[PDB]
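J.: Take this structure, written in structure tokens, and hold onto it; I'll ask about it next.
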Amino acid sequence: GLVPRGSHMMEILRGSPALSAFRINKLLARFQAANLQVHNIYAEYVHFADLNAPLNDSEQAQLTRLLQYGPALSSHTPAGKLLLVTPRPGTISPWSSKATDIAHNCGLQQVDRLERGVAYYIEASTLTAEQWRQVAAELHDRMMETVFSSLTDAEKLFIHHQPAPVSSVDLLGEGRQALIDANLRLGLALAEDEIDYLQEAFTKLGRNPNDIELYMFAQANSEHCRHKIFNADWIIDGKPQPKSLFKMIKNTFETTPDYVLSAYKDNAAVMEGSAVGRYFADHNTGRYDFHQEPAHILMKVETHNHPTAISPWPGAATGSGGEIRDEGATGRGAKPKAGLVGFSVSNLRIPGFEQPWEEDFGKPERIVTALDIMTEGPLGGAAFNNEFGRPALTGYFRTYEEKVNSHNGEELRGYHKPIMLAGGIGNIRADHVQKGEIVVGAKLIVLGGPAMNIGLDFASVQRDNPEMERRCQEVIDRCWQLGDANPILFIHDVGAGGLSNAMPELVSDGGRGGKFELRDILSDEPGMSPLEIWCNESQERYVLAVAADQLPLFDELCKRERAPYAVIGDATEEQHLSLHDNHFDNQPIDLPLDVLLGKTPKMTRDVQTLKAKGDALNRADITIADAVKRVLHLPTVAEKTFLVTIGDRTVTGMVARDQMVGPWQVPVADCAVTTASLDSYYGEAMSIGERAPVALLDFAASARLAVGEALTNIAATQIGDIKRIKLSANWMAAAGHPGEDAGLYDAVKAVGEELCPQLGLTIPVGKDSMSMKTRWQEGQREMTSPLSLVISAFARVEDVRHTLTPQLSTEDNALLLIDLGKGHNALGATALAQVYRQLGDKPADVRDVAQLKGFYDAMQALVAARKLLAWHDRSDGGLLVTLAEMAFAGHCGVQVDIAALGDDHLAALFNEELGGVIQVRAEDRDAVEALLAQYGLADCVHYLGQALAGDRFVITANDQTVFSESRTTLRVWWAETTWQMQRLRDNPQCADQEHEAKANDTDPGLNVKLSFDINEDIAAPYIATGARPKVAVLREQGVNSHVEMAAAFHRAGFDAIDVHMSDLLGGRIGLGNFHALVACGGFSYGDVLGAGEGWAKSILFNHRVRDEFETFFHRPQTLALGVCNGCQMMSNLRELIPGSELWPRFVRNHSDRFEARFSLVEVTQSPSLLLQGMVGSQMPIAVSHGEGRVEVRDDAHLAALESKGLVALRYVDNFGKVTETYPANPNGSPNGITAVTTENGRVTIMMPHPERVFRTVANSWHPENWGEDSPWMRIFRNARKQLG
Ligand SMILES: Nc1ncnc2c1ncn2[C@@H]1O[C@H](COP(=O)(O)OP(=O)(O)O)[C@@H](O)[C@H]1O
Ligand SMILES: [Mg+2]
Ligand SMILES: [Mg+2]
Ligand SMILES: [Mg+2]
């Protein structure tokens, strides 16, 4: 199709079927349930190409080919009613941004913009007008899409509007009322004294303020940006208080400044790391090399609570996206490493899986449900982390919604407005920690995405394009990788308020002013007013300052990465802010910074204390047996697989300890651990402590417990000095709600002025979200969150190899409980209470500070001395859950006695006091108990019993059996929540298969079989000569796992060279100079138009580069490796590779979900030179992909491929048999195929990541006797030897 579209032409290209069978049956079932007589539904992707010039026959064929991708699903002739779903007019999908990028990189400049929709064909010849609109409703997201009746209506998506002029607010001609009107019209939310400020400011200037100036001011002065509460003076119960909340947090730094390099003066904090080999490509040579130097650690944690309540996916995605920008913009440039995620929502009320404690209290129509948030939110956060390229290694997920008698009496307390938390750590160079000085005349730049009207219901719908941020990170990396020559003088993230906040922030921080040109800013929507361009909160943008003479270098760096950037201003000596508009020949902004950034009076909060009395727990319906079952069914306690495997946990190749633990990969790791470099055992650790419900009874206790839990979760890691542990404190509260204000102050004081200073813990970073409540009319109703402090702990690790997990051993052992509760056994605000719809009387709390410090120190002593077999702290679910989860991870039984824990067995098993259980060798029990005694924990330590081979979970009290059950049964109950979530979000068959496998106790877990000596470095003789063959580490825009690949080849004796597609196109690199090449993993073009397709087709359509690749593959002795995205790319290049005619395609996983797994595979017989000597071996490997499913044209193709003997790797279950059952086989590949080679064996492509686990320490689970090298190191060594 091709028709006029304004000054352009719009082509309509038919796409492939968009919905698989189960997705269609889910739609049909959804229709039936709603009384909509739908007989059948079919869907097809439809593409729209807005062209600024004609395409010749060749160009047309190329575009049509670019738009041919995805699973080869059953195609049908359209029938029924057409309902086209597309992005809403005035919006541009991220798909469009990346798809259009691909077209341009294939030399199709005529393509102004590509967009995609979904054509639904509905057969239901008996529906009415309202019914059809209800059908329409079920087929699209009302907050992001719209429905059209004709394909031609897509033209509305490309309308170009003329630029809207600035608008002045008539203060001089109307008086104060002009500002009052504007405050309402523009939704400025200005306070009365802020209007007063503005009125005087502009009356003094003698001119009307432009809407843009008022908007910029409003955003910078919102509670979100100014933090008025955290800086206000306080009067509590009549007594003025000396410190503000922020000053009390800073008190922790004043008391403990140890190891802190940067705090409260950047978008993240920085603490000392370790001197290790920072690995990266040299600017001059392009070769990857180790640079022995300090790799310091940055940390930051943020939230996106409001956005997520409106549009979960984007809300969570940009929650991570924004925090990642904070990290990279630290100092003069830094690199994100790992991340963490947090969620707090109300009851899920899963259809058909309702729990006894859940009650529908209703909710506002304008927000989404808790279930929707936990369905779309995690996928959005994972989408950004996966596509950008940072592993998500730790987090929390709590559900809470109950009518309780708290501080303000009987009310509904919960999370209709959720907590969406995203944070992480990164590494930074010593010389880049401090911001540089901004020289007068410095060029002011916007690095990143174009401006769109996203900042401002619909105003809270965000947009994420992780690939754009990835391109930006590559630039930042080039900059800091230049060390002393780093062009970045100052960098800052673009967040709330958009450029209107970020740019003034930047020049102000540097003590300068700035003059800007509105028309220099990159924009993708011409109709925007100056206010919209300047104030929108579009994503993936950074602002920085570079010296004029460094512009050429900076330009070089951006062009090579294809990272958009624009110089939009100049720093000035005069501290004034000017924004000119060349199009309207005027000045939207003309203000002195002292006026714009001037502050209205400081806030004073005069409040009083409200303290709930608490009520004894009613045990009428409670029994220990029923409590176990209920508690294991509380999402907060239950298995979190649905939140873990959806996120990459291996990218960077520096992940030592991820959430999944042991042979059975059970997600119960208490903290995350990464190595500091690809050549060290030093590292970093992240943990989270949180206990919001307790705040409904005791504010201070809830805060102390959050700190305490972060500590107990990280305790079994080798850190040493407790002062190495640094905290991020994120405070969520419903400020203004009765009692919450005084509670917040008491809570901050409890940790900032008392607990942390005494323990020696610094809180160098943090944030606050102060409107955690939701109101609406149910026929007024209110859902108010408990004060919610989330503590994230970060620390330098001394030896990542000594970390302990909950995986119990069955060798002669002793289980010892460390009860920091000192026998209090509090049950108030516990999972137990919650599961019985109660809050209880008294909650847990830090009972003895000295003993908590002693606990930590003792654990550190035990960890360093290698005296522990396992560790698991107590938190949600109490001792019962701790022991249960340990049995789950150890796939064994437990025989414990609790007679010494009090006569109240319910309280003993379910209290959530601090502490945990350590497992030690039986012969070390006395020595360990003696060590603990030396730290003053004698009467807190209790011998419980031992772990035993088997399936029995037994708890006794003298001759009495308190509770006894099949560990497997408990394990399955504990898994029902993730099972149900996976069943409603992914392919039901897959969800069922994974859940059901958990019920088979005979599962031996991951296990190895080796056909060769893993420690024999067959490449050593070659490396010893000093001759190092080069290997082209190929990458394209969006690709995120190249450093780790280079490191693997590097250890094998190769000189790894960074080869960007831009280098090949530019003639800077030629494949004729290489004998080996490797296509890397990552998300080239964000997998848009099919994973690996844009990369491959950009090569195919650029004949010069195409010829280069073909030539390489046709040489007699060249070797090529394609991993993950590289595997997909090469599979789409078959026409250039000899002996590849039988290769399959790689498409969307059968589960229809991204799979981050540690999968078991077997090396099969094939000509592959890279798998030489490894045939018959069985070992786990890193898997991280959403489109790794081998797809053939027909069985004839599959049979031919098999008979030719080209299959090199197959997924096998733990029993060792080839399998297609999920998740043993994570993507559903036929015959378990996941790697194939060519007839001559010189080229091999595989979906798993061998390079991510070549270091034994980077294997989630591995045999205890392994050395530094895992079996996968042999692939790289084989490559080296093969070249000779
Ligand atoms: N939202 C989440 N995203 C990623 N991982 C999570 C999330 N929530 C929990 N996890 C992980 O699941 C495992 C168990 O979670 P949880 O029981 O809440 O931890 P704990 O009680 O030890 O503090 C941990 O390894 C944790 O890091
Ligand atoms: Mg838990
Ligand atoms: Mg824990
Ligand atoms: Mg926790």
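A quick note on method: Cβ atoms are made from the backbone with ideal geometry, for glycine too, and the neighbour counts reach across all protein chains shown. The values are calculated or read from the model by the stated rules, or taken from the named source; none is laboratory data.
J.: Can you tell me which residues in segment 867-899 are polar (S, T, N, Q) and either within 16 Å of ligand 4 (Cβ to nearest atom) or buried (at least 23 other Cβ atoms within 10 Å of the Cβ) (or both)? Walk me through how you get there before you give the answer.
T.: We begin by selecting, within segment 867-899, every residue polar (S, T, N, Q); these are 875, 882, 895.
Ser875, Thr882 - these are the residues of segment 867-899 that are polar (S, T, N, Q) and either within 16 Å of ligand 4 (Cβ to nearest atom) or buried (at least 23 other Cβ atoms within 10 Å of the Cβ) (or both).
J.: Can you tell me which residue in segment 370-427 is nearest to ligand 1 (Cβ to nearest atom), limited to those that are of a type in the set (S, T, N, Q), within 30 Å of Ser262 (Cα to Cα) and part of a helix (DSSP H, G or I)?
T.: Looking only at segment 370-427, we keep the residues that are of a type in the set (S, T, N, Q), and these are 375, 385-386, 394, 399, 405-406, 408, 427.
Narrowing further to those that are within 30 Å of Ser262 (Cα to Cα): 385-386, 394, 427.
Subsequent filtering for residues that are part of a helix (DSSP H, G or I) retains 385-386.
Values: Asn385: 10, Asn386: 12 Å.
The selected residue is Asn385.
J.: On to the next question. Do we find a residue being part of a loop (DSSP other than H, G, I, E, B), touching a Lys or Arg at 6+ places or on another chain (Cβ under 8 Å) and in the same structural domain as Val1190 (by CATH) anywhere in segment 1249-1261? Talk me through it step by step, then tell me what you get.
T.: Of all residues in segment 1249-1261, those part of a loop (DSSP other than H, G, I, E, B) come to 1254, 1259-1261.
After this cut, where a residue has to be touching a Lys or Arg at 6+ places or on another chain (Cβ under 8 Å) as well, the list is 1254, 1260.
Checking the rest, the ones that are also in the same structural domain as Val1190 (by CATH) come to 1254, 1260.
Yes; the residues of segment 1249-1261 include at least one that is part of a loop (DSSP other than H, G, I, E, B), touching a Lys or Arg at 6+ places or on another chain (Cβ under 8 Å) and in the same structural domain as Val1190 (by CATH).
J.: Got a number for residues in segment 910-944 being within 37 Å of the chain's Cα centre (by Cα) and among the charged types (D, E, K, R)?
T.: Result for segment 910-944: 2.
J.: Which pairs do you get when a residue that is within 30 Å of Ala685 (Cβ to Cβ), found in segment 337-357, comes within reach of a residue that is in a strand (DSSP E or B) and away from ligand 1 (no atom under 16 Å from the Cβ), reach meaning Cβ atoms under 7 angstrom, with the pair 6+ apart or on two chains?
T.: So the pair list comes out as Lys337/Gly426; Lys337/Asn427.
J.: Against the conditions (1) β-branched (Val, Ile, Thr); (2) within 18 Å of the chain's Cα centre (by Cα); (3) within 10 Å of ligand 1 (Cβ to nearest atom); (4) in a loop (DSSP other than H, G, I, E, B), where does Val651 fall short? Just the number, please.
T.: (3)
J.: Shifting gears a bit: Does segment 1-20 include one or more residues that are of a type in the set (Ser, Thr, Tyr) and over 23 Å from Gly1094 (Cα atoms)?
T.: For segment 1-20, residues of a type in the set (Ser, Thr, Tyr) and over 23 Å from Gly1094 (Cα atoms): present.
J.: Check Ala703 against each of (1) within 16 Å of ligand 2 (Cβ to nearest atom); (2) touching a strand residue (DSSP E or B) at 6+ places or on another chain (Cβ under 9 Å) and name the one condition it does not meet.
T.: Against the list (1) within 16 Å of ligand 2 (Cβ to nearest atom); (2) touching a strand residue (DSSP E or B) at 6+ places or on another chain (Cβ under 9 Å), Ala703 comes up short only on (1).
J.: Residue under question is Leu862, and the condition is that it be on the phi < 0 side of the Ramachandran plot, within 15 Å of ligand 1 (Cβ to nearest atom), part of a helix (DSSP H, G or I) and among the aliphatic types (A, V, I, L, M); does it hold?
T.: Criteria not met by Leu862.
J.: Now for a separate question. Does segment 1043-1088 hold any residues that are over 22 Å from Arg1134 (Cα atoms), within 31 Å of the chain's Cα centre (by Cα) and assigned to a strand (DSSP E or B), and which are they?
T.: Listed by number, the residues that qualify are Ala1056, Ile1057, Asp1058.
J.: Give me the residue from segment 678-697 that is away from ligand 1 (no atom under 15 Å from the Cβ), outside any strand (DSSP E or B) and in contact with a helix residue (DSSP H, G or I) (Cβ under 9 Å, 6 or more places away or on another chain) and, out of that set, nearest to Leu759 (Cα to Cα).
T.: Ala695
J.: On to the next question. Looking at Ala706, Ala716, can you tell me which residue is within 30 Å of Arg796 (Cβ to Cβ), over 23 Å from the mean Cα position of the chain (by Cα), crowded, with 24+ Cβ neighbours inside 10 Å and in the same structural domain as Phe253 (by CATH)? Outline the logic, then answer.
T.: On the way: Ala706 fails: over 23 Å from the mean Cα position of the chain (by Cα).
Among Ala706, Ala716, only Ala716 is within 30 Å of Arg796 (Cβ to Cβ), over 23 Å from the mean Cα position of the chain (by Cα), crowded, with 24+ Cβ neighbours inside 10 Å and in the same structural domain as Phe253 (by CATH).
J.: Considering each of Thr252, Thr203, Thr256 in turn, give the residue that is more than 16 Å from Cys535 (Cβ to Cβ) and not assigned by CATH to the domain that holds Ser769.
T.: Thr203
J.: Does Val896 meet the test of being in contact with a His (Cβ under 6 Å, 6 or more places away or on another chain) and either more than 16 Å from ligand 3 (Cβ to nearest atom) or not aromatic (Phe, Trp, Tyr) (or both)?
T.: No; evaluated as a whole, the condition is false for this residue.
J.: Have a look at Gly902, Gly915 and point out the one that is at positive phi and either crowded, with 24+ Cβ neighbours inside 10 Å or within 16 Å of ligand 1 (Cβ to nearest atom) (or both).
T.: Details: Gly902 fails: either crowded, with 24+ Cβ neighbours inside 10 Å or within 16 Å of ligand 1 (Cβ to nearest atom) (or both).
None of the others qualify; the one that does is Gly915.
J.: Only residues that are assigned to a strand (DSSP E or B) and over 13 Å from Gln473 (Cβ atoms): list them for segment 315-338, please.
T.: Within segment 315-338, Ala338 is the sole residue that qualifies.
J.: Among the residues of segment 626-648, how many are surrounded by 24 or more Cβ atoms within 10 Å (Cβ to Cβ), away from ligand 4 (no atom under 16 Å from the Cβ) and among the charged types (D, E, K, R)?
T.: 1
J.: Scan the strands (runs of 3 or more DSSP E) fully inside segment 709-828 and keep the ones with 2 or more residues being β-branched (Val, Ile, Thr) and farther than 17 Å from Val846 by Cα.
T.: Once the strands (runs of 3 or more DSSP E) in segment 709-828 are filtered for at least 2 residues that are β-branched (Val, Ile, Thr) and farther than 17 Å from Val846 by Cα, what remains is 762-769.
J.: If you go through segment 926-944, how many residues are surrounded by fewer than 17 Cβ atoms within 10 Å (Cβ to Cβ) and in contact with a strand residue (DSSP E or B) (Cβ under 7 Å, 6 or more places away or on another chain)?
T.: 1
J.: When the residues of segment 625-647 are filtered to those that are farther than 20 Å from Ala422 by Cα and assigned to a helix (DSSP H, G or I), which remaining residue is nearest to ligand 1 (Cβ to nearest atom)?
T.: Ranking the qualifying residues of segment 625-647, first place goes to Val631.
J.: What pairs can you find where one residue is in segment 381-393 and more than 16 Å from ligand 3 (Cβ to nearest atom), the other is among the polar types (S, T, N, Q), and their Cβ atoms are less than 6 Å apart, with a gap of 6+ or different chains?
T.: Close Cβ pairs (under 6 Å, with a partner that is among the polar types (S, T, N, Q)) amount to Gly381/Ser320; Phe384/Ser320; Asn385/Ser320; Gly389/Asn1040; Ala392/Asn385.
J.: Same structure again: Out of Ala316, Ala334, report the one residue that is over 17 Å from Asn730 (Cα atoms) and among the small types (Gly, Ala, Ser).
T.: It is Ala334.
J.: Could you check segment 774-800 and list, in sequence order, the residues that are over 19 Å from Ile297 (Cβ atoms) and surrounded by fewer than 22 Cβ atoms within 10 Å (Cβ to Cβ)?
T.: Once the filter is applied, which keeps residues that are over 19 Å from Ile297 (Cβ atoms) and surrounded by fewer than 22 Cβ atoms within 10 Å (Cβ to Cβ), segment 774-800 yields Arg775, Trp776, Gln777, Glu778, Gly779, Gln780, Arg781, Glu782.
J.: Follow-up question, since we're still on this one. Among the listed residues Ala907, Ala947, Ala991, identify the single one that is in a strand (DSSP E or B), within 39 Å of the chain's Cα centre (by Cα) and buried (at least 20 other Cβ atoms within 10 Å of the Cβ).
T.: Details: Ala907 fails: in a strand (DSSP E or B); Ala991 fails: in a strand (DSSP E or B).
The match here is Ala947.
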